[PDB]
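Below, chains carry the letters A, B, ... as their sequence lines are ordered, and counting in each starts from 1.
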Amino acid sequence: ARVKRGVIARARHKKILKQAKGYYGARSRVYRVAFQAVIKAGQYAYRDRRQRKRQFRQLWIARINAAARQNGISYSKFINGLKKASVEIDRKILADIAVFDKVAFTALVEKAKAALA
Amino acid sequence: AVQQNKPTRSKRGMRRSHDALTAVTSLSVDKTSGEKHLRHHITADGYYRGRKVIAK
Amino acid sequence: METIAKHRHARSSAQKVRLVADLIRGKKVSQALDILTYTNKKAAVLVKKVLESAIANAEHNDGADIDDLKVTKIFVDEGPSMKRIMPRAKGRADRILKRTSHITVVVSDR
Amino acid sequence: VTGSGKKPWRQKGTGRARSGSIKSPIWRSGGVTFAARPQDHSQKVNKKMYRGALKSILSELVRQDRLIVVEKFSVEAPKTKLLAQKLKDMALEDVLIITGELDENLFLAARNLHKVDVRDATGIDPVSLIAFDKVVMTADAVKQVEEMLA
Amino acid sequence: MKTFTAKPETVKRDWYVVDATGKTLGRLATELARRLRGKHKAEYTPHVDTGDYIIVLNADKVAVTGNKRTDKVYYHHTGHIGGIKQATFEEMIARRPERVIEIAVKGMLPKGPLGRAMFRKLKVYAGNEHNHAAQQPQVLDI
RNA sequence: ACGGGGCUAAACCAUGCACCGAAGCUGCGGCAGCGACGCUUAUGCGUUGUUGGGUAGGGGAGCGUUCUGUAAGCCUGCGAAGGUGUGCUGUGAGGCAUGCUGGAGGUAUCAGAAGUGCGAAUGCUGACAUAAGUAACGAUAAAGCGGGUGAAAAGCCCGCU
RNA sequence: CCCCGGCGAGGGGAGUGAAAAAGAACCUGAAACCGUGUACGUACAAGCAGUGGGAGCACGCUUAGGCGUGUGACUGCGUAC
Ligand SMILES: [Mg+2]
Ligand SMILES: [Mg+2]
Ligand SMILES: [Mg+2]
Ligand SMILES: [Mg+2]
Ligand SMILES: [Mg+2]
Ligand SMILES: [Mg+2]
Ligand SMILES: [Mg+2]
Ligand SMILES: [Mg+2]
Ligand SMILES: [Mg+2]
Ligand SMILES: [Mg+2]
Ligand SMILES: [Mg+2]
Ligand SMILES: [Mg+2]
Ligand SMILES: [Mg+2]
Ligand SMILES: [Mg+2]
Ligand SMILES: [Mg+2]
Ligand SMILES: [Mg+2]
Ligand SMILES: [Mg+2]
Ligand SMILES: [Mg+2]
Ligand SMILES: [Mg+2]
C-alpha cells in the first residue's frame, strides 16, 4: 500500500502560499519563507488584538483631553468630576461627542465642574 | 569575495536600468537618391551628399 | 486584426534580445524597420526577420496594408537551454548553458 | 538492492554530506527502510467464538426474515435457465442456497448466476451469511447446522 | 461604529504669532510642539498632521535659567573622523539665533516623515518683523 | 555617566487628592475540562462550582492520504481524476459547492490494512535561480589590401605584400 | 498547396481531426524561475518587510446602501526559522 504524497502536499503548500498574498519577494513565492511569514503574521495578529484595545483608548483619552482643555479643565479633573456626578459614559463615547457635538460636550464639562465645586 | 545573500530580482532590475539601448535619433535623407542613411555615412548604394562616390 | 510571427529556439539569450525588443515596442512598422537596420546588435537581425515576416503574414493572410501596421505587442520568452561541459583548471568541470529564446512580434492596424 | 558496497566519496574534505553506501534509503534508487516481507495475516479464532458468532448471525437472520426454509430445493437438469426461473417464482435475486447434500445439477446451474451461490451445510462461513440478501436453507441443512452448532 | 479619523484633505490649519521675548526656551518649546502636532484639537489623530502654523518672533531674545546661557553646549558631528563640533548657547544665539528654537522644538516632535512634516509648519525669525502678513496670523499670547 | 528634547523644577523632602497604566481584576458573548447536584438517566440533558501558559514527557480524542470489503452498488462524455480560481463552512487537521482547464475514470457509508502526512538531516534526484551579461575566449610569431564566392566574409578561396 | 525566410531554421495561413491551446521538443501540464499588459504605490527616505490603525485612488456593486475587491501615503508595535 504505497502512498504518494504529491496531491496532499501541494494542497497544503497552496494553503500557506494563499495566506501570504501581498508579501514582498520570496515571502509570497516560496513555501519555506512564506510559511515563516504566515506564522509571524499570526503571532502579530494575536498580539495586536490586545494592542488595538490599548491604542484606541489611548486615542480617546487624548481627544477628551483636548476638548476638555478647550472648556477650561484637564482630563484628570474632568474624569474625576464625572465619577463624582455618577455619570458612566465611557471614553469611546466621550471622544465621539467631543468631535461631533461640541455643545453636548460643553454640557458634560458643566456637569463635571459642578460635582467638583 | 562573493555574496553573502542572494540579490533580489528587484536589485537586478535596478542595476539594468542603465542597460537600455538608445535607438538612432533620425536618419538622414540623401538629396539625390532620397535614400535613408546614417548622418555622415554613405548610403547603401554608394551615395553621399548627392554624389555617387563608389560605383558598387 | 492582430497578426503574429514567432521565432522559436532562437540562438540568443532572452536578456540580450530584450534590449532590442524594447526599442520598437509601440512603433510603426516603417519606423521600426529603420531602427532595426541601424542597431549594431546580433539580436537586431533576429528581430528584424521576425518583424518583416509578421508584416508579410498581415498582408498575405489578412490582406492588411503596410501603411497602418504598428508593433502592438513584442516579447521575448526563454527557450530551452542546451547543457554543455567546459573543463576548468585542476580537473574541475563547469556546465555551460547555451540559452535560447522565443521571439514573438504582434503587428496590428488598431 | 543491486549495487556495490563502495563508499561513494571519502568521509571528509569533499564538502558534501557524508555518504556510506549508494544503497542508502535516503538516496534515489536506494533500498526501502523497512522493506516488506511475505507475511501471514491469518488470525486465530477460538472455536467457541467462531461457533458463537454463527449462532448470533443465524439468530439475527430469522429476526430480519432473511432466512427462508424450504423442505427441498433442486432442479431437474443442470441448466441455469431452470434455476433462474425457479428463483423468480420465489421472488429471489440475491440469495445464498444451503442444501444438505451438494447436488451437482444445482451446483452447475448456479455457477454462472452472479448473485446466487450454492453451498453445502458444512461449507457455510460467516461473511456469506451476511453478504447475501436472502438465505435459503433446506430442512435437511438446518438439521445438519444444529448438530454442527451443538 | 468606528472612531472618527481626521482627513488630510479636510483639516483646517490656522496661523499664529508668538513673541519669544523673555520666554523660557524649554517651556516655550513644549507649547509649540503641542500645537504643531495638534494635541490641542479634539480631532487630533496620530497619523495626520492636524497642527497649526506658528510664527516665532524675536528668537534671539529667548531666555534660559541658571548658567545655561554660557554652559549649555550644542554638539554635532560632521561625519568626518574627529569632526565633533560644539557651540555654547550664547554663541549659537550670536551666530544662528533661529537654530536654538528650531533645535529645541525638533527634539520634542515625533521622529519620522510625519514629524518632519510638522516641523515645516514652524517659521522662526530672529527679528521682530515677518513677511507672512498675507496669511493673517493671529496673535497667540503664550 | 537623565533614553532624548529640554528642565531651576519638569530636582529633592514631607503631606494630600486626582488621573494614566497589564493578556491582573470586572463587564458582555463563546468554547472546553473536572466536580457536585439532579433531571432522573437510557445514559444524555440541566443547574452549580471551579479550572483551561507550558519544554522533556505521560494521558485522551480526531483529520486526511493509498489500498480491501460493503460495490456487477452508486457517480460519471449532459464531463471522472488531476490542475487552477471563487464562495461558503468547522475549534483545528479539514470539508462542501462551483467557474475555467482536463478528457476517463471516481467512489458514499461502516469497517479493515498501512511504503499514511516533510522545511531542515553540509539529506538524495531532477529542474531553475544568483553572482552577471561579470571573468574569460589557452602563449605578445602580426598582419594589410584587392578580387572571388556567398543571405551574410577580420577568419574561406585566389593574388600581392 | 500558398506566404515570409538563406531552395534555411522558425513561423503565418490552408487542410486533416471530436480536439492541432493533440503537430511529432506531441495526454494531463503543477511549482520554482523568466516575461508582456493593466490598476495602485514609489525618487527627503533608515532596519526580519509584517501586524494594528488608516487617508487617497482604481474597480465591482448595490444603488443615495454608506458593501466587496486591488493598492497602501502616513502611524503604533515589532531583531527570521
Ligand atoms: Mg487592558
Ligand atoms: Mg545498481
Ligand atoms: Mg528501488
Ligand atoms: Mg480449527
Ligand atoms: Mg484573566
Ligand atoms: Mg495547556
Ligand atoms: Mg475538474
Ligand atoms: Mg520538499
Ligand atoms: Mg523540522
Ligand atoms: Mg550555478
Ligand atoms: Mg561585479
Ligand atoms: Mg570589469
Ligand atoms: Mg576582459
Ligand atoms: Mg587563441
Ligand atoms: Mg578581403
Ligand atoms: Mg517549414
Ligand atoms: Mg502536453
Ligand atoms: Mg516623496
Ligand atoms: Mg519599531
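Nearest-nucleotide assignment on RNA chain F puts the 5′-proximal partner with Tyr46(A), out of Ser81(C) and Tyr46(A). Of the two residues contacting RNA chain G, namely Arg25(C) and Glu52(C), the nearest-nucleotide position lying further toward the 5' end is that of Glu52(C). If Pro7(B) and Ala11(A) are placed on RNA chain F by their nearest nucleotide, the residue sitting closer to the 5' end is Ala11(A). Of the two residues near RNA chain G, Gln58(A) and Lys21(A), the one whose nearest nucleotide lies more 5' is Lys21(A).
Against the 90° criterion about 0, the sugar-base torsion of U62(G) places it in the syn range. With its glycosidic angle within 90° of 0, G77(F) adopts the syn conformation. By the rule that a glycosidic angle within 90° of 0 means syn, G21(F) does not qualify and counts as anti. With its glycosidic angle more than 90° from 0, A121(F) adopts the anti conformation. In this entry the base of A22(F) is anti relative to its sugar, with a glycosidic angle more than 90° from 0.
Without both centres closer than 5.5 angstrom and planes tilted by less than 30 degrees, the six-membered rings of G78(G) and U79(G) do not count as a stacked pair. Judged by ring centres under 5.5 angstrom apart and ring planes under 30 degrees, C7(G) does not stack on its strand neighbour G8(G). A stacking criterion of 5.5 Å and 30° is met by the six-membered base rings of adjacent nucleotides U91(F) and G92(F). Stacking of the bases of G138(F) and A139(F) is not indicated, since the six-membered rings fail the criterion of centres under 5.5 Å apart and planes under 30° apart. Adjacent in the strand, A120(F) and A121(F) do not form a stacked pair, their six-membered rings missing the 5.5 Å centre or the 30 degree orientation threshold.
Residue-to-nucleotide contacts include no donor-acceptor pair under 3.5 Å from the side chain of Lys68(E) to the base of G6(F). With hydrogens and angles ignored, no donor-acceptor pair under 3.5 angstrom links the side chain of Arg8(C) to the base of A9(G). For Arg47(A) and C77(G), a side-chain-to-base donor-acceptor distance below 3.5 Å is present, hydrogens and geometry of angles not being considered. Side-chain atoms of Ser13(C) come within donor-acceptor range of the base of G133(F), with a qualifying N/O pair under 3.5 Å. Between the base of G78(G) and the side chain of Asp48(A) there is no donor-acceptor pair shorter than 3.5 Å. The base of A31(G) is not paired with the side chain of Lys14(A) by any donor and acceptor separated by under 3.5 Å. The base of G76(G) is paired with the side chain of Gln51(A) by a donor and an acceptor separated by under 3.5 Å. For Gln36(A) and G119(F), a side-chain-to-base donor-acceptor distance below 3.5 Å is present, hydrogens and geometry of angles not being considered. Interface remark: the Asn61(C) side chain does form a donor-acceptor pair with the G12(G) base, using a distance-only criterion of under 3.5 Å.
For the P atom pair drawn from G24(F) and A18(F), the interatomic distance equals 26 Å after rounding to whole Å. When the P atom is used for both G87(F) and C67(F), the distance is 32 Å, rounded to whole Å. Taking atom P in both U40(F) and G46(F), the straight-line distance is 14 Å, to the nearest Å. Spacing of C1' atoms, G8(G) relative to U36(G), comes out at 29 Å, to the nearest Å. Across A49(G) and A22(G), the matching P atoms stand 44 Å from one another, rounded to whole Å. When the P atom is used for both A104(F) and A18(G), the distance is 15 Å, rounded to whole Å. With both ends at atom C1', the span from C39(F) to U55(F) equals 44 Å, rounded to whole Å.
Taken as a pair, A64(G) and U51(G) do not qualify under the rule of Watson-Crick (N1-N3 plus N6-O4 or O6-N4) or G-U wobble (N1-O2 and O6-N3), both under 3.5 Å.
Between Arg27(A) and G50(G) there is a side-chain N or O to OP1 or OP2 distance below 4.0 Å. Note on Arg12(B): a side-chain N or O is less than 4.0 Å away from OP1 or OP2 of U130(F). At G83(F), one or more side-chain N or O atoms of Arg10(A) fall inside 4.0 Å of OP1 or OP2 (strictly under the cut-off). The shortest distance between the side-chain N/O atoms of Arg9(B) and the OP1/OP2 oxygens of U130(F) is not below 4.0 Å. The phosphate of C4(G) (OP1 or OP2) has no side-chain N or O of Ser53(C) nearer than 4.0 angstrom. At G76(G), none of the side-chain N or O atoms of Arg52(A) fall inside 4.0 Å of OP1 or OP2 (strictly under the cut-off).
From the dihedral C1'-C2'-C3'-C4', which is negative here, one reads the pucker of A132(F) as south, toward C2'-endo. A negative value of the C1'-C2'-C3'-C4' torsion places the sugar of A153(F) in the south (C2'-endo) family. Evaluation of the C1'-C2'-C3'-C4' torsion of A30(G) gives a positive value and hence a north sugar. Judged by the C1'-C2'-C3'-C4' torsion, which is negative here, the sugar of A25(G) sits on the south, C2'-endo side. In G13(G), the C1'-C2'-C3'-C4' torsion is positive, which places the sugar in the north family.
Salt bridge annotation for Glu52(C)-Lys48(C): absent, with no cationic side-chain nitrogen under 4.0 angstrom from a carboxylate oxygen. Checked for salt-bridge contact, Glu2(C) and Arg110(C) meet the test: a charged N lies under 4.0 Å from a carboxylate O.
If you check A127(F), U66(F), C74(G) against the side chain of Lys83(C), the one that comes closest is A127(F). Comparing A127(F), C124(F), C19(F) by their nearest atom to the side chain of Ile79(A) picks out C19(F). Checked against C33(G), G82(F), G133(F), the side chain of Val7(A) finds its nearest nucleotide in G82(F). Comparing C118(F), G5(F), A49(G) by their closest approach to the side chain of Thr30(E) singles out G5(F).
Summarising the geometry, the separation between CZ on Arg50(A) and P on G76(G) is reported as 22 Å, rounded to the nearest angstrom. The nearest whole Å value for the distance from the CZ atom in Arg99(C) to the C1' atom in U134(F) is 14 Å. Here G8(G) presents its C1' atom at 10 Å from NE2 of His7(C), a figure rounded to the nearest Å. Taking atom NZ of residue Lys2(E) and atom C1' of nucleotide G53(G), one finds them 10 Å apart after rounding to whole Å. With rounding to whole Å, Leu116(A) atom CG is found 12 Å from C19(F) atom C1'.
For the pair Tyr23(A)/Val33(A), no side-chain contact is recorded, criterion being any heavy-atom separation below 4.5 Å from C-beta on. A 4.5 Å side-chain heavy-atom check between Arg63(A) and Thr45(E) finds at least one atom pair inside the cut-off. Looking at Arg57(A) and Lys53(A), their side chains never come closer than 4.5 Å, going by heavy atoms from C-beta outward. Side-chain contact between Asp62(C) and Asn57(C) is absent, with no heavy atoms from C-beta onward closer than 4.5 Å.
Between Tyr31(A) and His13(A), the ring planes lie parallel to each other; the angle is under 30°, not in the 30° to 60° tilted range.
Inspection of the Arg91(A) and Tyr75(A) side chains reveals an N or O donor paired with an N or O acceptor under 3.5 Å. Side-chain atoms of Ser128(D) and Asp125(D) include a donor-acceptor pair closer than 3.5 Å.
We find that the ring of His60(C) and the base of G12(G) do not stack by the test of centres under 5.5 angstrom and planes tilted less than 30°.
The shortest non-hydrogen separation linking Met92(E) to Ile103(E) is CE-CD1, 3.9 Å.
In this structure, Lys6(C) reaches the sugar-phosphate backbone alone: every heavy-atom distance under 4.0 Å involves primed, P, OP1 or OP2 atoms, never a base.
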